[PDB]
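As structure tokens, the structure follows; a few thoughts come after it.
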Amino acid sequence: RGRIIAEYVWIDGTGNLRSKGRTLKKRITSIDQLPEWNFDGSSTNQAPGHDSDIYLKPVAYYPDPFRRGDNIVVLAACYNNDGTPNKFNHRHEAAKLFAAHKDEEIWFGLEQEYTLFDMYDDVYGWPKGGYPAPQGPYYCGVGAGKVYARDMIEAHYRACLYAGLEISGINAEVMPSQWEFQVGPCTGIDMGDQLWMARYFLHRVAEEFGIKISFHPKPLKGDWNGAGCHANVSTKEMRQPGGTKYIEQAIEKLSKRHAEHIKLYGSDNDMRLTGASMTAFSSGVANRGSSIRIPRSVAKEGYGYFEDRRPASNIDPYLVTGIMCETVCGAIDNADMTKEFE
Amino acid sequence: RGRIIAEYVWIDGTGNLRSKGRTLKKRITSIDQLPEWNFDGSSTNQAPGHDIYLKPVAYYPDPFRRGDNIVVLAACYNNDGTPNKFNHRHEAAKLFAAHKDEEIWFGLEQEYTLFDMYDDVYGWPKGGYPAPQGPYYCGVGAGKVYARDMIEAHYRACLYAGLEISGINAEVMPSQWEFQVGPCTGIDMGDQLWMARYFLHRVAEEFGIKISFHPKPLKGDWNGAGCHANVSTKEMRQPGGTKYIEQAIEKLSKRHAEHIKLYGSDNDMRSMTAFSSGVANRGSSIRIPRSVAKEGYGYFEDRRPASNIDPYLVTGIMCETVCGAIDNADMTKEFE
Amino acid sequence: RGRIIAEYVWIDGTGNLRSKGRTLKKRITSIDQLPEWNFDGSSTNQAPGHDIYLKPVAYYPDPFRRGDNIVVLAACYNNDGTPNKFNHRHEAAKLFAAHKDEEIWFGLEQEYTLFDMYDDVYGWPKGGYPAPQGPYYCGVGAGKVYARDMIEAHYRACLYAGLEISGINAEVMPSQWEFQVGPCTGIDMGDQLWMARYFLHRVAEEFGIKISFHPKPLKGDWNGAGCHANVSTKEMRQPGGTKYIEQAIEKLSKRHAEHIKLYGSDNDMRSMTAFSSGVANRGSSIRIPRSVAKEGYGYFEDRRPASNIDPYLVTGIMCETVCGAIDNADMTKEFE
Amino acid sequence: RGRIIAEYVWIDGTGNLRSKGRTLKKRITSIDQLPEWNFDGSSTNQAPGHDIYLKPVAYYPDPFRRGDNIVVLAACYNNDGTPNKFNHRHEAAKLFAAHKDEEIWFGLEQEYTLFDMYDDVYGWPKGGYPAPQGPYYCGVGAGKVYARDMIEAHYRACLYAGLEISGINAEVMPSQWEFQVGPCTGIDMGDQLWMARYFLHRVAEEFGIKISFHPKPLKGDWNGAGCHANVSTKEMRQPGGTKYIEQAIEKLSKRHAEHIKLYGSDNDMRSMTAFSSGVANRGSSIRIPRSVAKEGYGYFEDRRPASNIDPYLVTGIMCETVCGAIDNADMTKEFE
Amino acid sequence: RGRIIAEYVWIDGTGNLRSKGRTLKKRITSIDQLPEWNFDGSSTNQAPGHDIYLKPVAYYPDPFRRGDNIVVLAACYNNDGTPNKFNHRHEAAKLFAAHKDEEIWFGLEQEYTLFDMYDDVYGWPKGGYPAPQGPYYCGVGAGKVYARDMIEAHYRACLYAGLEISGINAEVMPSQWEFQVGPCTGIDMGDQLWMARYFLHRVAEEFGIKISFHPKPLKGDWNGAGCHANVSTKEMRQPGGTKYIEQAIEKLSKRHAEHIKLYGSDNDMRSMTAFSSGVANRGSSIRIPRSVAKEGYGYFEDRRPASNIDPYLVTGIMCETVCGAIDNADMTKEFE
Amino acid sequence: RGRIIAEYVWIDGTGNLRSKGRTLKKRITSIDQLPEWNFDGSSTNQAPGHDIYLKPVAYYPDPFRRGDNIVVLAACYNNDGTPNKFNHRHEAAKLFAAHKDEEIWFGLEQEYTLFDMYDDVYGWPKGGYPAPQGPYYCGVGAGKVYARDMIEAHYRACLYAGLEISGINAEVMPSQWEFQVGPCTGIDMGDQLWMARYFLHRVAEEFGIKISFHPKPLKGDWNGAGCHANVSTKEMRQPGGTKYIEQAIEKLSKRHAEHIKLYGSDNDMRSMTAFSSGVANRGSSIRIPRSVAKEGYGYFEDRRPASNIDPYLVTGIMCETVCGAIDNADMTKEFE
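Line by line, the protein sequences give chains C, D, E, G, H and I.
Residues 21 to 295, 300 to 366 (PDB author numbering) make up the first sequence, in order.
Residues 21 to 70, 73 to 292, 301 to 366 (PDB author numbering) make up the second sequence, in order.
Residues 21 to 70, 73 to 292, 301 to 366 (PDB author numbering) make up the third sequence, in order.
Residues 21 to 70, 73 to 292, 301 to 366 (PDB author numbering) make up the fourth sequence, in order.
Residues 21 to 70, 73 to 292, 301 to 366 (PDB author numbering) make up the fifth sequence, in order.
Residues 21 to 70, 73 to 292, 301 to 366 (PDB author numbering) make up the sixth sequence, in order.
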């Protein structure tokens with residue numbers, strides 16, 4: 021009725037998004053018009069029940085693919101009443117690094133894999149009490165039994181596009197009712213911001229289909245595929261001719277900090293990077313077995329990007345892209361990614 | 021077909037809304053054009069069986087009928103001309119009219135809880151319980167929130183009607199929600215919250231969901247349901263306010279019992303006897319938002335009223351004790 | 021495709037409507053363009069098996087077929103040219119035509135009750151009962167009202183057809199409703215109520231709901247179903263009316279039995303032998319609205335007729351005894 | 021295989037029975053052969069988490087395991103040797119032992135109410151209600167009574183165990199029943215009722231029925247649930263009794279509050303403050319059966335105790351105030 | 021038809037029993053009459069695909087086949103004559119044979135948890151959870167206990183087979199149970215517990231129930247599942263025992279890690303690194319029953335072993351460290 | 021009522037049994053008392069439509087009808103007196119009669135697979151699959167095995183009938199089983215296996231389970247279904263046997279193709303062209319049990335025949351090539 025609804029979305033003290041909505045008097049035209057806000061940090065595992073009580077700083081906003089119209093979704097970062105970034109705010113720390121290395125122009129492209137579930141916490145669409153056929157016909161599948169919940173997956177794609185997210189593509193994965201969507205390329209903090217919104221959209225749209233979304237790295241024990249979030253990386257140098265030079269350089273720095281990265285990179289990733301391997305670091309061209317993979321395409325052309333296949337589906341992009349920049353572009357006395365684990 | 025439908029909505033002798041609809045010859049452009057009306061007070065627990075009248079008080083576009091169709095909030099007057107037992111709008115109005123100068127503003131945070139057609143908590147495991155509280159507050163994800171589509175429909179409805187609905191959010195207990203309305207001035211708070219409630223019940227009908235304003239729908243550690251009344255006068259809103267805010271809080275401290283007596287039934291299952307206040311304190315009776323405190327002016331949050339409150343009674347007595355009594359009216363007596 | 025569908029609706033030898041449809045070459049612009057028609061009276065209990075005719079009486083836009091499609095209310099005439107056993111429109115017409123000058127106005131309050139495809143009360147607990155009466159009258163909220171969407175659809179339908187549908191409301195017994203049609207003049211009351219009924223049955227079809235005009239659908243304390251006929255003549259409507267209102271009420275008091283005899287079957291399960307009247311009196315046979323009384327002119331409410339009444343008979347005999355008999359017609363005899 | 025199973029049953033720190041079973045080498049022929057035993061009092065709300075003991079008190083044939091298998095009613099003693107918070111059998115015993123000479127007899131009328139696995143009244147219409155009360159009391163016919171087969175199984179069980187179960191009947195509220203145990207002497211009343219309750223819960227398990235000893239399972243006019251304690255001493259039972267019956271009734275009248283304080287929780291939802307008595311009076315606190323009155327001797331009916339009473343407390347304090355206090359024990363204090 | 025069926029039951033290369041049946045010409049009267057047998061070790065994870075043998079070790083009446091039909095517990099030996107990877111019965115036997123003189127007795131308390139055909143906790147609310155723990159331990163009443171009939175069937179079965187099954191009880195977590203077997207001597211404990219387990223799985227098949235010996239079937243505060251091993255030697259059982267009991271407890275304290283290493287997988291989700307002991311202490315690693323303590327002789331309870339333990343390994347290493355090692359065998363090495 | 025029922029069972033022109041029953045005046049005590057009989061060979065694919075005869079061959083107690091009722095295995099002869107296309111019992115008999123002196127013994131291991139009324143694998147996930155093979159072979163526990171009760175009923179049946187049923191076991195593929203019959207002499211092997219099959223189909227009827235003797239019921243890695251024929255002559259069974267065992271194995275190696283041609287249809291989906307032999311070798315065509323090898327005498331296992339084999343053909347040609355051909359009969363020609 022002349023007014024606008026802004027859904028504030030933020031990240032909690034578990035691995036999830038949270039949101040609430042507020043009416044605004046007028047259409048928004050810049051982040052500056054968006055007010056600070058707050059919530060009960062004790063209901064989200066971010067505060068104690070006194071120094072409890074956390075604040076929301078608008079960071080990005082997009083058209084609401086659900087409410088549509090001039091209604092909007094606002095990505096907000098969590099700051100304690102100190103003014104300090106909450107335990108679970110890692111956007112600030114990463115921002116520091118991206119701001120420092122502005123000049124390198126790091127680009128990221130994440131490949132977000134996820135797995136679909138019943139309202140009853142069983143794999144979505146799988147035979148009651150049993151299993152689908154063995155893997156093989158599901159990857160990039162087409163046909164009634166070959167793919168699950170495509171309509172929900174497509175709705176999400178649409179949503180992301182409407183919001184103007186840099187959603188590059190989508191595909192059905194190897195395990196039945198397991199999917200992927202890719203977002204990129206984004207610069208620095210954008211990668212984190214956009215993937216987090218894409219995730220909000222995913223959860224939220226799936227609600228409408230009674231589907232639960234699982235970012236667990238190994239939703240099903242056994243030979244059923246795990247779920248990763250392959251982080252693709254590049255700096256300005258790597259993108260200009262004679263790049264595999266700096267690509268190779270980066271891969272080597274990366275090889276020295278394998279443990280520090282893995283420590284971010286996702287919980288129970290140990291049931292995925294498994295033997300790819302949790303303790304071993306390797307790299308090579310066209311190698312879906314290595315820790316870092318240089319696309320044959322890149323190799324043949326002498327410039328491009330590399331694929332870090334180590335990060336799990338459940339990673340916090342701020343942490344991954346953050347420490348990636350830290351070790352590829354260089355540390356700062358101003359910030360420590362691995363310490364950002366508070 | 022050229023004609024208009026007006027749904028008359030009023031408050032009964034239980035804790036509910038009632039309504040009927042009538043055709044009108046032409047589109048309405050002012051409250052003045054809306055006719056008095058009436059109903060059988062004995063079928064709603066407001067009369068004995070030997073007939074009440076409806077005085078249009080506010081009207082809005084009907085979010086359900088849409089078009090030039092309209093919803094009319096009506097107050098109940100007996101054939102005396104006297105306000106029915108359950109009409110507390112009139113009493114409150116007196117106070118608001120007296121203290122016009124102060125310009126009291128209210129913002130209510132209405133919490134409610136969803137239910138089956140079978141009177142079981144909506145969406146809860148059959149015969150059992152969801153996971154324990156924690157992941158539901160402001161939730162997002164399939165199991166984390168219940169009936170969002172209904173909740174959203176309500177939001178939309180309220181906006182269409184032009185209600186001052188400030189926001190919505192999922193609450194701590196699964197299938198428990200909140201919507202906030204404000205700020206409104208004086209009688210508007212009551213009027214608008216009541217309409218928002220009509221819209222809530224009404225829209226939920228379409229989902230087969232019953233709405234519960236009970237203060238403690240589930241015994242145990244499952245959250246209660248409140249209707250936090252936020253309050254401010256012109257003085258409090260201008261710099262150097264926490265002065266008058268503090269003054270108000272103190273007057274309020276002297277009348278804790280009289281307020282509690284309004285403030286909602288079986289609120290006792292949701301401290302009832304203790305009065306306290308403090309900045310950033312979701313434990314106190316009255317809470318001064320840290321934001322307000324840091325800025326020196328604003329409003330305060332009375333966290334005492336239960337979800338099932340009558341806004342006329344709450345906003346009424348709030349004004350009475352914050353702004354000052356009148357020999358012309360007694361809020362606490364308005365309990366007839 | 022350039023053509024028009026006209027649904028002919030008529031009244032049968034049970035208490036129901038019947039209909040069939042025919043294509044017409046062109047849009048209709050006056051009753052005169054509508055053709056006579058016919059049907060097998062033996063399949064509707066109006067003829068013996070050795073054929074009845076349909077005389078268009080009124081027509082409206084078809085709320086169901088929409089477009090330039092139309093619904094036609096037809097009266098039943100035997101091959102004699104005589105009005106069928108169950109055509110009481112003609113008899114009544116005589117009276118209305120006689121007393122043209124008085125300008126009788128009617129407003130009927132049609133109550134009805136909803137039912138399963140399985141002939142159980144619609145939406146009621148399986149094998150059991152809802153809570154006891156009280157929260158259903160003018161109800162709002164998920165358990166408080168049944169099939170509102172169907173009821174609304176009907177309201178819309180009537181309005182589209184341009185019927186004089188004045189308002190709707192949920193009644194006292196759960197899944198029992200009312201709609202009001204008025205004011206209509208003379209024969210119009212009958213015509214329009216009958217169409218509204220067609221619309222009701224017809225629209226409810228779409229919800230698998232059966233409509234019951236029985237006066238006492240459930241035995242016990244569950245409310246009955248009436249069709250309160252509201253009445254007024256030109257004199258009663260102009261100041262100093264309650265004079266002629268009172269006069270009418272008295273004439274009515276002398277013909278209580280004759281009226282009751284029309285006024286609906288097993289009305290006895292809904301006092302049948304006593305006649306009384308009084309202002310603001312939902313207990314009397316005729317009720318003068320307090321509003322009317324206070325203002326000195328208006329109308330009166332005859333609370334006697336049952337839900338299942340034939341409006342032609344009620345409005346007919348009402349005129350007969352309020353305005354005056356005719357040697358040209360006998361309402362009570364019209365029972366053939 | 022030559023061996024015996026003994027199920028030990030005891031009372032917990034909620035209002036329930038608990039049990040476990042143990043193999044015994046040989047058939048049991050006296051209480052003396054039954055071993056002490058124990059359990060984790062912290063898992064039953066009787067100990068803190070830093073262990074309670076079971077003293078065999080009575081034993082009977084197991085109606086469920088049958089054969090030479092047996093059920094053992096055990097009392098709870100802390101490691102002090104002191105009777106647990108919730109062991110009131112010991113305290114009462116003292117009184118019964120003191121007044122051995124009077125030979126108090128009790129007969130309790132245990133009413134209970136049946137429930138779904140889903141905590142809804144057993145067999146009641148889904149989301150709704152049966153017909154109103156009237157046809158259910160001592161009912162017979164398919165709709166008139168609920169779960170008779172379970173009720174009968176329990177009757178059988180009690181008889182097999184050799185309990186003094188005097189009779190059974192269907193109560194006023196649908197799916198509400200009664201069984202009576204008596205007459206029993208002193209401690210036996212408590213022991214046998216508790217076992218009967220074990221048997222009830224246990225047998226109902228087999229029908230997926232939950233048993234409710236709540237005093238008012240359904241709010242409203244639906245009947246509450248009581249445990250009418252019938253009382254008599256040797257004097258009352260011999261001619262010229264209503265003398266001592268009347269005497270007892272008067273002592274009882276002086277200790278109405280002290281009794282009520284035992285007599286069952288939320289009994290307030292089932301008069302609580304008024305004490306009265308009279309012959310053939312289902313309205314009074316104590317009722318003298320017309321039969322007793324006419325014959326001059328017998329017993330009296332205390333209609334005050336609620337369904338959820340602990341027989342040890344009721345029979346205990348009954349004896350205390352009817353037969354006389356002891357410096358050795360205080361029933362009302364036994365509330366630890 | 022004159023013939024006998026013997027079901028051979030053995031332990032596999034996962035944590036389960038396996039079995040097949042064979043006809044025998046005549047009733048069996050001693051283990052000596054039972055033939056060796058064999059199976060495809062590659063189908064059970066005990067051989068590579070280039073064949074294991076079954077040596078009858080104990081036999082009982084078949085509670086399922088009944089009659090003169092019999093169940094045969096067989097140990098697995100490779101074609102070397104050597105005990106299979108997963109045969110730990112042989113190693114333990116050595117120790118028991120060595121310390122024949124001490125006459126170790128064991129009593130195991132086997133806890134287990136029930137499951138759907140769909141691998142969800144048996145009987146738990148669909149997608150949700152039962153009420154929180156408290157009312158389930160030794161529960162009685164419809165909601166308080168799950169699948170009692172199956173549990174009872176098992177009890178019966180074990181008794182028929184003549185197993186030393188001492189008792190049964192419902193555990194703290196809903197649909198979690200315990201049965202106790204003892205006291206048994208040396209190798210018997212292992213043999214009998216394994217048979218009891220066969221019976222449990224097998225009988226539950228008939229109720230479509232899966233049995234879980236996992237130590238923590240549900241993450242959170244829901245109880246884990248243990249197999250408390252109770253231990254005693256002849257010395258401990260004769261007066262002045264708590265001497266040797268205390269001695270044993272100390273030896274045990276030195277080998278906490280070595281024991282824990284047997285004692286069950288993911289026992290870590292059920301303190302793992304700390305060793306402690308004390309009288310009446312359900313918190314310690316070893317608990318001396320207050321009863322034992324007060325009487326000066328008896329047994330001790332090792333509360334460390336998890337539900338999924340191999341009794342051969344637990345009782346074996348218990349003897350090794352309590353009674354003394356042998357150069358002839360190493361329990362902790364028996365992990366091949 | 022004094023009378024007897026004899027069910028005649030025979031083999032048809034598909035791969036199935038057929039049967040009908042007849043009343044007999046008196047209990048049967050020798051095959052001689054059983055009458056010839058007949059049926060419509062055209063309804064079973066054995067005749068053209070221009073009539074076959076049943077010659078009783080063996081009889082047993084009817085495990086289904088019980089009492090003195092009996093099952094009769096009958097062979098099919100055309101009106102010539104010649105053995106039907108599908109009667110291979112006669113041909114085989116010749117060979118067994120010839121080599122009476124050798125006393126061939128057989129033991130068949132009949133594997134089969136269970137199916138829905140809907141032709142889906144019995145008990146398998148709807149539209150999907152169980153876990154991968156491994157836990158099912160000789161399984162025990164709820165998910166590990168399918169329809170054990172049916173399987174057991176069959177075992178019982180076979181025993182009652184007095185068949186030489188040696189044992190049963192659950193196979194590798196879920197809902198796939200085995201039963202073994204042996205040792206039998208010559209024609210008996212065929213007779214008894216065929217009856218066991220009758221019993222299987224018949225008893226399974228009662229569980230709505232279809233039985234599948236197909237060699238590869240599910241394509242893929244799911245196990246096939248075989249009918250391992252175990253063989254031995256008198257010489258092989260007496261010390262120094264593996265001499266003649268080895269001799270037989272070599273003769274068998276020369277006639278691999280001729281055997282395979284019997285041995286079962288689409289056995290190709292279960301090596302078909304390669305012949306090999308070796309001790310303890312579940313990969314070879316013929317396997318000498320390590321047990322036999324170590325002892326120097328015994329039998330050999332031909333692992334080649336498929337589940338769907340005709341035992342008459344297998345045991346027949348086995349004798350033919352192991353014991354020696356006859357000019358009087360040609361097994362491989364017996365394919366008419």
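Where is the CB? At the ideal position from N, CA and C, for every residue including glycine.
- Nearest in C-alpha terms to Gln66 (chain E), of all of E:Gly246, E:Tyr99, E:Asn289, E:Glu186, is E:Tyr99.
- Listed along chain D are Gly149, each with a C-beta nearer than 8 angstroms to that of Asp141 (chain G).
- Neighbours of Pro152 (chain D) in chain H, taken as residues at a C-beta separation under 8 angstroms, are given in chain order as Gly150, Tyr151.
- Using a CB distance cut-off of 8 angstroms, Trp244 (chain I) does not count as an interface residue toward chain C.
- Given a length threshold of 3 residues, each whole run of the beta strand (DSSP E) inside the region 313-345 of chain H is given here in chain order: 316-318, 330-332.
- Per DSSP, the continuous alpha helix (DSSP H) segment holding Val225 (chain E) begins and ends at 209-227.
- When DSSP states are grouped into helix, strand and coil, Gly61 (chain D) belongs to the helix group.
- Note on geometry: alpha-carbon atoms of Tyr134 (chain E) and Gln202 (chain D) lie some 39 angstroms from one another.
- Residue pairing from DSSP places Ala251 (chain C) in a beta bridge opposite C:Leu130, C:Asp332.
- The region 352-361 of chain H and the region 111-131 of chain H touch, with no fewer than 3 CB-CB distances between them shorter than 8 angstroms.
- At least 8 angstroms separates the CB of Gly103 (chain G) from every CB of chain H.
- With contacts defined by Cβ atoms closer than 8 angstroms, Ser197 (chain D) and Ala169 (chain D) form a contacting pair.
- With contacts defined by Cβ atoms closer than 8 angstroms, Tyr159 (chain H) and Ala192 (chain H) form a contacting pair.
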